[PDB]
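Written out below as structure tokens is the structure these notes cover.
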Amino acid sequence: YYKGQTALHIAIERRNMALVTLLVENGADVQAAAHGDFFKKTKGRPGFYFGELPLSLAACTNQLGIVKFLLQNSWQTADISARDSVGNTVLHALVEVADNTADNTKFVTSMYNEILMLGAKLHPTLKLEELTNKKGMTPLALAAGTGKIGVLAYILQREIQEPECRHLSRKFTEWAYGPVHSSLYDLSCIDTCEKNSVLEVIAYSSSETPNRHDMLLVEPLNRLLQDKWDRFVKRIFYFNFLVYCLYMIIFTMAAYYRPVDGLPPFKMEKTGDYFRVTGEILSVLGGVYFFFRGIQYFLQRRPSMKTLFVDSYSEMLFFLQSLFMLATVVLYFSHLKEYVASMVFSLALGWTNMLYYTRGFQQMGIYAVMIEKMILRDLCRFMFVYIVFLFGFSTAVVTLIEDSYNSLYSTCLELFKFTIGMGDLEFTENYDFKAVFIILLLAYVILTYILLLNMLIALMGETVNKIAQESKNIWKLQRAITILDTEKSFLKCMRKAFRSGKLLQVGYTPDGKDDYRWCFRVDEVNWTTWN
Amino acid sequence: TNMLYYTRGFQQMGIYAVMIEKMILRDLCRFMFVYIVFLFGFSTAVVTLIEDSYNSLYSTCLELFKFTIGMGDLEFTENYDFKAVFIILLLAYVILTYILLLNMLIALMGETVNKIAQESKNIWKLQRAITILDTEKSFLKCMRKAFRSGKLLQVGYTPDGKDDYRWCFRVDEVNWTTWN
Amino acid sequence: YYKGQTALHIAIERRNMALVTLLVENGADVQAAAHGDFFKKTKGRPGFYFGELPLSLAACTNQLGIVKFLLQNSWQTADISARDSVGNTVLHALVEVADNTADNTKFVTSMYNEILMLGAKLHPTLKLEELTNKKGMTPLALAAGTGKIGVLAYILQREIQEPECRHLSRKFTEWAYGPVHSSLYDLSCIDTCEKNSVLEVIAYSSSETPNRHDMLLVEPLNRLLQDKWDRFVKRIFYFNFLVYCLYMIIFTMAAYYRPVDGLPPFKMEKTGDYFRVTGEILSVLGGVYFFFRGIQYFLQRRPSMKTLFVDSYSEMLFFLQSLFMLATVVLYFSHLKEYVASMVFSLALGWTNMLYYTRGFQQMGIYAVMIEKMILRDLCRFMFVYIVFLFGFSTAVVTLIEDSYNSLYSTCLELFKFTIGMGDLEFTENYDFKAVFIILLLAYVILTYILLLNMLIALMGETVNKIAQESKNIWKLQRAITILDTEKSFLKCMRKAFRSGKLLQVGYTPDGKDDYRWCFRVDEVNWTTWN
Ligand SMILES: CCCCCCCC/C=C/CCCCCCCC(=O)O[C@@H](COC(=O)CCCCCCCCCCCCCCC)COP(=O)([O-])OCC[N+](C)(C)C
Ligand SMILES: CCCCCCCC/C=C/CCCCCCCC(=O)O[C@@H](COC(=O)CCCCCCCCCCCCCCC)COP(=O)([O-])OCC[N+](C)(C)C
Ligand SMILES: CCCCCCCC/C=C/CCCCCCCC(=O)O[C@@H](COC(=O)CCCCCCCCCCCCCCC)COP(=O)([O-])OCC[N+](C)(C)C
Ligand SMILES: CCCCCCCC/C=C/CCCCCCCC(=O)O[C@@H](COC(=O)CCCCCCCCCCCCCCC)COP(=O)([O-])OCC[N+](C)(C)C
Ligand SMILES: CCCCCCCC/C=C/CCCCCCCC(=O)O[C@@H](COC(=O)CCCCCCCCCCCCCCC)COP(=O)([O-])OCC[N+](C)(C)C
Ligand SMILES: CCCCCCCC/C=C\CCCCCCCC(=O)O[C@@H](COC(=O)CCCCCCCCCCCCCCC)COP(=O)([O-])OCC[N+](C)(C)C
Ligand SMILES: CCCCCCCC/C=C\CCCCCCCC(=O)O[C@@H](COC(=O)CCCCCCCCCCCCCCC)COP(=O)([O-])OCC[N+](C)(C)C
Ligand SMILES: CCCCCCCC/C=C\CCCCCCCC(=O)O[C@@H](COC(=O)CCCCCCCCCCCCCCC)COP(=O)([O-])OCC[N+](C)(C)C
Ligand SMILES: CCCCCCCC/C=C\CCCCCCCC(=O)O[C@@H](COC(=O)CCCCCCCCCCCCCCC)COP(=O)([O-])OCC[N+](C)(C)C
Ligand SMILES: CCCCCCCC/C=C\CCCCCCCC(=O)O[C@@H](COC(=O)CCCCCCCCCCCCCCC)COP(=O)([O-])OCC[N+](C)(C)C
Ligand SMILES: CCCCCCCC/C=C\CCCCCCCC(=O)O[C@@H](COC(=O)CCCCCCCCCCCCCCC)COP(=O)([O-])OCC[N+](C)(C)C
Ligand SMILES: CCCCCCCC/C=C\CCCCCCCC(=O)O[C@@H](COC(=O)CCCCCCCCCCCCCCC)COP(=O)([O-])OCC[N+](C)(C)C
Ligand code: NA
Ligand code: NA
């Protein structure tokens, strides 16, 4: 429970540096692993994780005075790159304690900064931020993989002004001319990390992770993706859009001109059949593609059963579109006419999945984001209550009918017409009590047509005033995933033409070598930083 | 419809016509795009299922457009093999287009109206400005003497000492804190 | 232009009291009337009205130092009750310069206060606020009749704490017990002024006058009207509501059971005819009442031709209802069957004019206020543009028709059905160019049904977020007019049972007599005025 604890750990938490220096000098080890249940990840349990190391506690506890003392104390100094059972160094652990509150975020960045210089002063050659925990994550990847907007916003924009501690800084100013100054961000382990690039950790993450849609608004990420978009992804996406439009044009005609006389599989007799079956072949191939391309997705992005509809609503429909295509082949060689049933759901999904390609366009893609939110939020709530009413009042109605609408389908079908403006208040005379039939339909109409549909309009308006920004940021994330799924798939061998940035020598290795870094230029202006 | 041009001589009507032309270009074009994708998506589906007369992409698209103007028959064909498909598909069309998307547009418009309200007053004044300028050019176009806003008002002196005559526009104003 | 000006007037405006004392002592009159064009009411002209008297200028110019000097200067003192050609004293003129800005309102109240005490110190017996100008208005009535919310809010709540200057104060505290304190407002010339009570000047005013709907929120007015409402007006209004409901029940049945065989005037043959003509008599009498009761209104409230729809939308409909009734009598004895046309508009107006009586109920009356605003604002704008479209596309359509809808009525009638959800896209086949007919109707539908109706919903929502408070305050003013039209009409001889307040001796005449004042009690609590 407390397994691994020391009285040194006590003193750091009880605000007692007078006794930390007392315990270390008498030989209290400063590598001790508090590998006890209370000291692990909370996960609901009443705990505090800090890093399973004394130095880690002081960093997560805001005594920078203590922290420095642990590292130049003459009796014994903590190993700066010492990690825990999870593999988390102090900087790793210093991320996992972040919670994206300003009082926390101001501190963690203030502290995270200071262990770096200290480790640089102690060890100009050791690289701390490159260290990886047990899982395979860095402090940068951990911040992005865990939702830590302020830490990430710090690490990327890390401009340090010190003689020996600029090789750690990441946001470099190359030149300046009056109010104009031209910054430089680093892109090391952001676009092409061998393991867990920041982009590939923000985008291939789960909606449980907070602030997925806010992290890409951190500079340079936004500018970086719009650079990949403008350079090579936009052309490929428009091309992917064209092929899918030609696909659906072809699957549409091969469907429209389906044989009607016989049972499948049908015969190549005239020339139009040959030029149609072609389209039918090409129709299936896309389904196989979207099938494999969906299996791929739902393996390498092991989907949380709830996250399917939030993060992956479109992928679900392309996959579902594929399934109806494959069922359409199983049933076309199984001689069953029911291939058409499947085939028509593929078309309808197929054409609606054009809205996928809205994400190459801001105002249309934001609109399609609002659509998928309204579906999952406002419409599902609506249709639930609507069907309770529909089924409630239908049963009532069809129980009153005597004799033909003496069926729960037709009555439910007639009562659904009221909500699409096609309700007859006289669709039956076959009953005994007109007062009942009318009171009941009016109650249905008032509750459903006058109230509930118009309430939905009102609910939607509330939603639109709320998800307006959320939907812009879900849009940019949709486009980000396209940029990443693209640059993988398209290149997948060379990975040299999408190199955002360039070799820009920014400074020097603290030993003295040159500091070459792939860096992203950003041009900026100020009118109050006059110095 | 180009009568709505002449709304710009009237503030509350001209602002309304500005909102109209914004909704057309912003909210309606986005809508009708997505609407036609759905309309054409579900029509093809429907007319592919039809066997026999609505066995035409016009008439099916024409019948499915009626749902959105409140004139949809869920029984406009019996000429098919699979009623479950025909109904699931039209209901999906109706739910997506009539229940969701039209009512979403109302909701989008309301968001727009809360935003372009000031923008539209200022686009209105600019519309009227262009009328004032296109007018005073065209009407006079020879004399250009009756529209002289302001008057010769001697305001001061040339720094050499001559008089400073300037066409000037008078504005009357009040203050209750500039007591000096 | 400057007719009547003096060099004394110069010095007050040029910030020069050193020379005001110079001019008066040499004999410069301090009664001089600046009865010149620049010194009269602006009314668009570039002027400054101040009161046509020197003392009046200094009060409207913010030199209280000067003002006091004018009245104890030994050479000659301004007459405090000296008025101008308009009849406005300094206090009158001090109202007309108010503009309901805080910097102005803070001052005018600060100054208005001080001439009163000064006039009280000079003249404990003269009554300044009772003085009336040429028109017949007091400084209190002028503030209400002219829209001066802060002045009025000052005068009514005027609590002064001085030994000799409480007989001027109006808001008296009678008792106090800890945090509880029980105030007392005066009601002199507020509910029963012989001339221009504040209520009868706020309510019988024109919408041009700003802040009609805000003035009644000034205490004690709001509490005072809710006291008349709860005491005697609510019962009478519900009674007036009952009689009108019995009226319309009777005019409804006499209309429903109208003779159908013959020409009017019809014959009393059976008994139901006698018991019907009765209702027809009683029907007309209400019309005469609402006719005279409307003539009355539109004489003693000489209506601005634009103000008809804003302040008097309902009165217009009751009057119009009356006219259709009287035309129904002119045409029933003129033997013409067209009495029915008139009669049915009376009914439809008659029943819709139930919404009048919503103003006895807050949430319904506010709703009826929103209705009449939407009609005049949102619907009229809509229907204008709608009819341009309707008529634009109809002419287009009927010009294309060849042959029967070859009529501008029927086409306009068919195209109006699209907007009520009853449009047929196939109402004609009688034409030559189907592409044109369809493109044109779709353009009509898209512009009118999809855009413009739904835009109206959106416009209404904007309006509702705006007029929500405005409509509550227009409601209270509607009810106020009912309270005033009631207490006049009902009593109209005795005027003794509606006496809001009671004789409460508050203090003393500065000579020494008792100070009896009709006063309105208000109970209040504080938790920071601990003294
Ligand atoms: C458009 C963009 C997409 C791509 C181009 C596609 C070009 C489009 C054209 C392509 C081929 C046209 C055939 C010409 C010769 C036969 C004419 C004939 O009898 O037609 C008839 C049927 O015709 C068919 O059924 C043809 C099949 C059309 C499927 C769409 C093409 C598939 C793609 C692979 C093809 C190569 C393309 C590959 C390169 C991309 C016309 O109809 P009908 O006479 O009334 O017959 C009964 C109708 N009923 C069944 C409804 C009751
Ligand atoms: C290409 C193949 C099909 C033909 C094209 C059809 C679609 C049109 C072309 C699409 C791709 C090529 C266009 C590039 C040029 C700019 C377009 C433009 O006007 O953008 C403007 C409007 O926005 C749109 O026009 C976008 C609407 C289409 C999005 C796809 C939705 C579903 C397609 C179903 C189609 C039916 C398919 C079946 C029949 C073929 C601006 O967009 P934005 O919102 O401000 O975003 C930022 C713009 N930016 C990214 C450029 C900076
Ligand atoms: C003249 C020829 C046609 C007859 C007149 C018809 C139109 C009416 C007259 C138009 C011109 C003359 C009117 C001047 C007097 C004021 C009008 C008024 O009530 O304004 C008010 C209402 O606003 C309106 O009445 C404006 C509505 C009409 C605008 C034109 C739109 C399309 C016309 C299609 C017509 C069908 C044509 C086919 C059949 C003929 C106030 O307006 P406002 O919004 O508060 O703006 C500020 C007002 N201000 C500028 C005055 C300060
Ligand atoms: C409800 C609250 C309001 C006040 C009370 C009112 C009580 C209501 C009743 C009142 C009188 C009923 C008459 C009874 C005797 C005749 C019966 C008869 O033949 O009826 C017939 C017609 O009947 C009429 O036309 C009657 C006229 C009704 C007008 C309403 C009453 C007017 C108020 C003054 C009266 C005294 C009240 C004064 C005190 C307030 C019935 O219809 P029918 O047989 O089918 O005839 C043809 C129908 N068609 C013409 C449609 C084709
Ligand atoms: C009387 C004669 C007719 C029968 C009555 C019918 C109407 C009802 C009775 C009306 C008068 C007597 C009711 C007093 C008791 C309270 C009512 C109540 O529930 O108020 C509540 C609801 O509000 C309403 O019920 C008001 C709705 C009716 C307003 C009139 C509109 C048109 C009438 C057309 C009628 C058809 C006529 C044709 C057939 C007859 C509360 O109201 P509120 O909005 O919160 O306001 C504050 C309440 N306060 C002022 C009490 C503090
Ligand atoms: C003479 C014969 C040929 C006639 C003309 C052929 C052209 C026929 C036309 C259309 C159908 C084309 C083939 C099927 C593809 C389906 C569409 C598709 O997946 O588009 C992808 C575009 O991205 C691509 O990579 C598309 C393929 C590129 C090659 C161009 C088509 C020719 C290949 C076929 C060989 C032809 C030879 C014969 C084949 C029998 C979709 O984009 P995505 O990025 O996957 O994103 C959506 C899905 N996701 C969001 C879930 C990820
Ligand atoms: C979305 C639309 C509305 C709901 C649809 C789902 C409900 C499923 C509906 C029907 C039952 C499922 C099918 C079972 C097998 C067939 C039996 C059958 O259909 O009905 C039987 C009767 O049955 C009733 O009248 C009561 C059945 C409904 C109650 C069960 C709860 C449904 C819960 C979910 C409800 C939503 C709860 C609210 C939302 C949370 C037999 O009737 P018939 O065959 O028509 O008889 C015709 C006789 N003839 C041959 C002479 C002409
Ligand atoms: C929030 C919870 C949801 C709401 C739950 C409650 C909802 C309940 C709603 C409505 C209930 C009230 C309407 C009537 C219902 C039928 C009863 C009946 O038998 O009527 C008879 C009418 O008898 C008459 O005398 C006519 C008067 C009724 C007018 C019709 C209603 C208009 C529709 C809107 C009304 C909205 C009012 C509702 C406002 C709440 C019908 O039989 P009949 O044979 O035709 O009789 C006369 C025929 N004759 C004249 C030719 C001789
Ligand atoms: C706005 C309304 C919806 C869209 C309209 C635009 C689409 C253009 C529509 C039709 C094609 C254009 C006309 C070409 C020449 C005539 C062929 C034809 O009409 O259809 C052929 C079939 O064809 C099909 O069934 C598939 C055709 C549509 C797929 C092409 C993509 C459209 C892209 C844009 C779509 C929007 C994408 C979504 C928005 C971004 C022939 O059919 P038919 O002649 O009826 O056969 C009757 C047989 N009879 C004689 C026995 C009775
Ligand atoms: C977000 C994405 C968009 C939405 C996509 C999905 C949308 C899909 C929507 C709806 C799908 C569900 C409705 C049924 C569909 C047809 C299937 C079928 O064969 O039914 C049969 C009914 O069989 C029955 O037993 C009656 C029960 C169904 C009630 C009718 C639905 C009411 C309309 C509103 C429901 C809304 C529920 C939907 C809520 C989501 C019809 O055949 P039949 O021969 O008439 O059979 C019985 C006849 N008999 C009783 C006389 C014997
Ligand atoms: C057996 C015979 C009698 C049968 C029963 C009689 C009862 C018949 C029933 C209804 C009709 C009653 C007579 C007509 C009045 C019309 C309604 C009206 O104006 O109401 C007013 C109520 O305030 C009143 O003062 C109404 C009259 C009170 C007396 C009660 C009715 C008897 C008088 C008649 C003599 C009966 C003897 C015979 C007469 C031929 C309206 O209120 P308001 O404040 O004016 O506000 C609205 C208008 N404004 C906003 C524009 C201002
Ligand atoms: C609100 C509803 C829409 C507008 C209504 C107001 C417009 C007034 C409408 C008609 C004219 C007024 C009546 C005059 C006398 C009769 C002539 C007539 O009716 O039409 C003539 C034709 O005329 C046309 O086709 C053009 C007439 C309309 C243009 C005039 C401008 C209207 C301006 C305001 C417009 C709103 C502007 C937009 C809003 C600002 C004769 O046609 P007919 O007799 O049918 O011929 C049938 C032949 N048959 C016997 C063989 C069958
Ligand atoms: Na409808
Ligand atoms: Na309808």
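Reckoned from all heavy atoms, side chains included, excluding hydrogens, waters and symmetry mates. Below, chain A is the first sequence line, B the second, and so on; all start at residue 1.
Between A/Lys337 and B/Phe82, the closest heavy-atom pair is O-CE1, 4.0 Å. Listed here is the closest heavy atom pair of A/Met374 and B/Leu100: CB-CD1, 3.6 Å.
At most 12 heavy atoms of other shown residues, nucleotides or ligands fall within 6.0 angstrom of atom CZ in B/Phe139. Environment of CD in A/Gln469: sparse, with no more than 12 heavy atoms of neighbouring residues, nucleotides or ligands closer than 6.0 Å. Sparse packing is recorded around OH of B/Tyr6, with 12 or fewer heavy atoms of other residues, nucleotides or ligands lying under 6.0 Å away. By the 6.0 Å contact criterion, NZ on B/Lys121 is open, its count of non-hydrogen atoms from other residues, nucleotides or ligands being 12 or less. Dense packing is recorded around CZ of B/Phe76, with more than 12 heavy atoms of other residues, nucleotides or ligands lying under 6.0 Å away. Other residues, nucleotides and ligands place no more than 12 heavy atoms under 6.0 Å from the CG atom of B/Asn2.
Of the inter-residue distances, the one linking B/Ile36 atom CD1 with A/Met354 atom CE reads 13.5 Å to the nearest 0.5 angstrom. Taken to the nearest 0.5 Å, the CG atom of B/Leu90 stands 9.0 Å off from the CD1 atom of A/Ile420. Atom OH of A/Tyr409 is separated from atom NZ of B/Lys83 by 5.5 Å, given to the nearest 0.5 angstrom. The structure places CD of A/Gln363 at 12.5 Å from SG of B/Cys29, a figure rounded to the nearest 0.5 Å.
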Quick one: do B/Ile106 and A/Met460 satisfy side chain to side chain contact (heavy atoms under 4.5 Å, CB included)? Show the steps, please. CA-CA 9 Å; B/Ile106 298 163; A/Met460 287 175 165; over 6 Å; no
Under the side chain to side chain contact (heavy atoms under 4.5 Å, CB included) rule, what do A/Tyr256 and B/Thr44 come out as? Steps first, then yes or no, please. CA-CA 7 Å; A/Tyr256 185 86; B/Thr44 53; over 6 Å; no
Let me see the working for A/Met422 and B/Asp73 under side chain to side chain contact (heavy atoms under 4.5 Å, CB included), right down to the final yes or no. CA-CA 8 Å; A/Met422 289 297 283; B/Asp73 199 358; 5.5 Å; no
Using the side chain to side chain contact (heavy atoms under 4.5 Å, CB included) rule, take A/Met364 and B/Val34 through it: C-alpha gap first, then chi angles, then the decisive distance, then the call. CA-CA 9 Å; A/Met364 296 306 303; B/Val34 176; 4.0 Å; yes
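For a residue to count as touching a neighbouring chain, one of its non-hydrogen atoms must lie under 4.5 Å from one of that chain's; by this rule B/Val37 touches chain A with backbone and side chain alike. Interface residue A/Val340: only side-chain heavy atoms are found under 4.5 Å from chain B. Interface residue A/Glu338: backbone and side-chain heavy atoms are both found under 4.5 Å from chain B.
Across A/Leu456, A/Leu453, A/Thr419, the residue that shares the most heavy-atom pairs under 4.5 angstrom with chain B is A/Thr419. Each of A/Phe345, A/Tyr386, A/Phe416, A/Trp351 has some count of heavy-atom pairs under 4.5 Å with chain B, and the biggest count is that of A/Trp351. Ranked by heavy-atom pairs under 4.5 Å with chain A, the first of B/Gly72, B/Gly110, B/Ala84 is B/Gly72. Contacts with chain B were tallied for A/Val260, A/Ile371, A/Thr252; A/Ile371 has the most, counting heavy-atom pairs under 4.5 Å. Residue with the most contacts toward chain A among B/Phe42, B/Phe38, B/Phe40, B/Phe33: B/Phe40 (heavy-atom pairs, distance under 4.5 Å). Options B/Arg30, B/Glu51, B/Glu75 differ in how many heavy-atom pairs under 4.5 Å they form with chain A, and the most are formed by B/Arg30. Contacts with chain A were tallied for B/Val85, B/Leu96, B/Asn55; B/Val85 has the most, counting heavy-atom pairs under 4.5 Å.
B/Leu74 places a side-chain heavy atom less than 4.5 Å from the side chain of A/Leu413. At least one side-chain heavy atom of B/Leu108 sits under 4.5 Å from a side-chain heavy atom of A/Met370. Two residues are said to be in side-chain contact when any heavy atoms from C-beta on lie closer than 4.5 Å; B/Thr48 and A/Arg258 meet this criterion.
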